[PDB]
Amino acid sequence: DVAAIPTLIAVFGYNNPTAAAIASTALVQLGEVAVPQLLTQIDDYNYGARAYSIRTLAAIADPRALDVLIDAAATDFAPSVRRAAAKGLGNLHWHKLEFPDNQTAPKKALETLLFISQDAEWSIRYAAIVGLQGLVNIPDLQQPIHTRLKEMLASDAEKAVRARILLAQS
């Protein structure tokens, strides 16, 4: 039910992962119709809740969530929030946007993912690779991704991140 959307979102504020994960699943099943309220009822004062909003938007994958996800990935301080957004950025359904935003949007996602792939925290860089791999379905974007991935395989301190790069290169 569509009337329940705000309540479902409000559940993320009660820090019970079991309950939140149920509310999120519910939102995702509702899909596109919940996206507007998910975008405008983000809890900016509870990172635990915010991470669920972002995760839910990422799973729905409506490309109208691009700018929220970019903000979250680029300027949020909470790692759980940023990682959720990084994954999401590579997997939105770009063709749902009116031409030519269906081309521009994935390119903006890429720019952000390239930017956060320099972060000092390994888990942000890991999530950034996962986002980048998601952009393989888009021909114009493959050169900078390949390129970035090679530079990271060369420079990365972390064996975990190098490994994930290798998995992405396949």
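Start at 1 and count along the sequence shown; that's the residue number.
When 161-169 is weighed against 4-12, 161-169 comes out higher, by mean CA B-factor as recorded in the entry. For the segment pair 20-28 and 146-154, the entry gives 146-154 the higher mean B-factor, averaged over Cα atoms.
Per the deposited coordinates, the residue with the largest Cα temperature factor out of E111, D44, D62, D140 is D140. Each of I54, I116, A34, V136 has a CA temperature factor in the record; the biggest one is found at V136. Sorting the modelled residues of the chain by their CA temperature factor places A58 in the lowest third.
Annotation for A120: C-alpha temperature factor in the highest third relative to the rest of the modelled chain, per the entry.
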